[PDB]
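Q: Quick one: this structure, given as structure tokens, is what I'll be asking you about.
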Amino acid sequence: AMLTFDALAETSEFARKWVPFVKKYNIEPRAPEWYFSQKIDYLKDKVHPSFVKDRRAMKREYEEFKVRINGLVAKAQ
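Counting with the entry's author numbering, you get residues 399 to 475 for the letters of the sequence shown.
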């Protein structure tokens with residue numbers, strides 16, 4: 399029930415980075431929590447030269463997003 403104007407805009411700004419990312423590199427699975435948490439070594443079958451750099455940026459964007467959300471849950475009491 400976290401839907402608030404800040405929660406919605408942040409989720410949308412993140413999904414607008416994650417969704418292209420998933421399509422471009424055919425990320426499996428598509429859920430970002432399960433993907434980064436499966437530390438099954440994730441380089442198999444990836445061939446694009448921008449992947450390593452983009453995956454590292456994206457992990458940082460996800461992690462920061464997850465924190466901003468945490469701070470919106472705690473700002474609803």
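No residue lacks a Cβ here, since even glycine has one placed at the ideal position from N, Cα and C.
According to the neighbour-count rule (16 or more other Cβ atoms, all chains shown, within 10 Å of its Cβ), is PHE403 buried or exposed?
A: With fewer than 16 Cβ atoms within 10 Å of its Cβ, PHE403 is classed as exposed.
Q: Please confirm whether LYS415 and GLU462 have their CB atoms less than 8 Å apart.
A: No; because the gap between Cβ atoms is not below 8 Å, this pair is not in contact.
Q: Quick check: what's the CA-CA separation for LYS473 versus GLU411?
A: So the alpha carbons of these two residues sit roughly 20 Å apart.
Q: Out of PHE419, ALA399, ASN424, which has the shortest C-alpha to C-alpha gap to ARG454?
A: Comparing Cα positions, the closest option is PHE419.
Q: CA-CA distance, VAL445 and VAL465?
A: Rounded to whole angstroms, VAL445 to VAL465 spans 31 Å at the Cα level.
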